[PDB]
Amino acid sequence: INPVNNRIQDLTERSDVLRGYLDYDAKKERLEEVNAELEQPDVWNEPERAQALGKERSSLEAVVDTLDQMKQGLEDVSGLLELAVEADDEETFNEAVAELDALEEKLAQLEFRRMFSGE
RNA sequence: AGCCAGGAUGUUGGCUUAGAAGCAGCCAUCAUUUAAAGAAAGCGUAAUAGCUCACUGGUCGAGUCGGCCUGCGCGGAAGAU
Ligand SMILES: [Mg+2]
């Protein structure tokens, strides 16, 4: 269990680091304005511009959305772990141990993507 | 051959894409209500939407379709006293 324990916190830390690197607030802000623009119906009259806007939005959402998921997913995992601890059941514990890996992998992938920006 | 009607459902098939809803592609090209309805032949769009088409049901009420063999013609075919 000690390794599992180590993995929960470490993952969180790395997520935090990633977020910091991103400087996510700016991105969020951009998304917001972009979202607002999209909501306004006059943007779609000019097609190319609209398309561009759409392109801009999704990525912004997704990076930010990914981050959100990580934040939330991690929390969920923690909760699960807590539950397991409280109720001495093996299956739950096992689940707690396992589910975290996927999130970590996702995070890693995201980081990799961030790294290799050039075409 | 025209003419009148439908030209549905799962479904907007997923994806990758910025979006993809027959129609950017890439791929499967299946099944349903059955009279019949292509996971779609063309137009159309931001993409849907929208407008046709395929096949099929009515009207009508006799011939009709496009290959082959050969005859004769047509275009292709502009020049300097
Ligand atoms: Mg001749």
# chains A, B, ... in the order shown; residues from 1 in each chain; ligands from 1

$ interface_residues --of "chain A" --to "chain B" --cutoff "9 Å" --atoms "only C-alpha atoms (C1' of nucleotides)" --output "list in words"
residues 44, 45, 46, 47, 48, 50, 51, 52, 53, 54, 55, 56 and 58 of chain A

$ residues_near_ligand --ligand "ligand 1" --cutoff "8 Å" --atoms "only C-alpha atoms (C1' of nucleotides) and all ligand atoms" --output "VMD selection string"
chain B and resid 74 to 76

$ residues_around --residues "region 112-117 of chain A" --least-positions-apart "5" --cutoff "12 Å" --atoms "only C-alpha atoms (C1' of nucleotides)" --output "list in words"
residues 18, 19, 21, 22, 59, 63, 105, 106 and 107 of chain A
